[PDB]
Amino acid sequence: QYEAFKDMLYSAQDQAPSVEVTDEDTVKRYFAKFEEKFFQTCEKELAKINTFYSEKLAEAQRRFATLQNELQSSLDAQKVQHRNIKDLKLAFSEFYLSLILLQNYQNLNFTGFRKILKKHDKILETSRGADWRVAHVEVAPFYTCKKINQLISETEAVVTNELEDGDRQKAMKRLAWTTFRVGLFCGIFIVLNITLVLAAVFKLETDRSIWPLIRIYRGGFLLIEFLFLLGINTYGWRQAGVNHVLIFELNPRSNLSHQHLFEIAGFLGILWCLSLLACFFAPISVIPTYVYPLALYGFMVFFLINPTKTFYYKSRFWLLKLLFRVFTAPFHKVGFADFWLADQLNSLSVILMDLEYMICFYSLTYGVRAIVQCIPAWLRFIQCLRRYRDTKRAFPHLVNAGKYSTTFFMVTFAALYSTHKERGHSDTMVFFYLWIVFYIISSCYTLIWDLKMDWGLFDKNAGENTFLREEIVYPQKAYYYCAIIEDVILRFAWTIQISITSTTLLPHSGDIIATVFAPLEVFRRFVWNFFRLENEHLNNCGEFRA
């Protein structure tokens, strides 16, 4: 920080007391304190520069070793070929450019340090700056290291010899099936959905207790929608520049793009549409109609768990390990991926609800149902408790535990009210009143936490972005206001949906309400992910990093 150093030096010169007013000892003490703080700042800057230089040198050495390996592999290939040859050549040119940039950085930093150190000498009329430069700057690893230089010489030699047939002059001078499958699956899905709408209008007419079928198929519909919106989310993260691969602790290369998620969602939607069409049109009578949803879900599970290295095997093992680490939360330390997926499950509580209803329907207001409803909140609560144990800071972890226990209280009181209303007890009114108070408390708690902590909006540092924060990645300012409004609406929607789904509150219109509201909650989570990851990239709200 050359400008900061010179400005601070000028400020110290302007604030230097005069001997004619104060004692000489006071002036000496002030100068000594100023020199001490200047040397501390110089030490901090030198340490930062040394760390950055060492990291860059290590990365350059690793890249050089990999290229020399790849150099040798291309040699053996010699012993598309030449395409790959001049690709390697482009990589070597980029590596040499990086080395030159590192040398420019080192030279500029050394020159700036030396300059600020001699101007520090002629301002205070002291020679301690030169002594500090000799003792720390001239012997610093960022300056004494000629390893970068001999790597540069080796790079020119290698480019001359094995890439240009000994010609040093150009050594100096030189130095779609996935998208198709996505479209195919999307088109088949669209036409099959139109056919499904037409068949639901005509073939079924108004007959049959089809509502159990709705309870079976809602989970699949929501999961497919979640995968599609997750693909959109990944595309947005990549386009905006949020380094989501670093946040999730994934490999820098060989990672799923948005095309992969879109094609997985399309294939799953095709299977869902075909299974619903079969259960709609009653195919050959050898196989009863109670197998097609079972077949679809069995295929989904098998596709997820299959041990053969066939379809996105790396991502399937990573997701399996993540799910196993999430569900056994207390005995595993919380990363970003763990709590991220736990929140995704918090937005997808209807799938477990329908699974439990499916089990009850196939086998045949209870306390088991409330537990199935509140499992994801329990996971998040115990994760935050484990994080507090590991960190020993009540804030924000205990506040988060309270946020995730408000849902416990609301659901428990809704279930108690339903029980006492179906039994005919006179204690229904107290349970209803407690339910309303806890419902409003939970809605306000979660909404405030989403707007203030997860998104980091409404910051006092907002210069011109009213109610936003100082730094925004996505271009339009209307996006944040739209997200705020829709989150305000959908938090209340989600609380009502949970209360209705886990409790006999609305036995007449409620079943429709849950089916309508579940995609809206998936959409709310899809909106929340954008700004949560952007806040993580900028401000590091989760504390999971250094």
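Basically, rigid core = biggest C-alpha set you can superpose within 1.5 Å across the two forms. For every residue, the number given is its place in the sequence shown, counted from 1.
Greater C-alpha displacement in 7 other deposited structures of this protein (rigid core superposition, RMS over structures and residues), of 423-431 versus 408-416: 423-431. Between stretches 26-34 and 49-57, the one whose Cα atoms sit farther from the displayed model in 7 other deposited structures of this protein on average is 26-34 (core-aligned, root mean square). According to the entry, the deposited sequence has no residues without coordinates between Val286 and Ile287, so the chain runs continuously there. Missing coordinates between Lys79 and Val80 amount to 10 or more residues of the deposited sequence.
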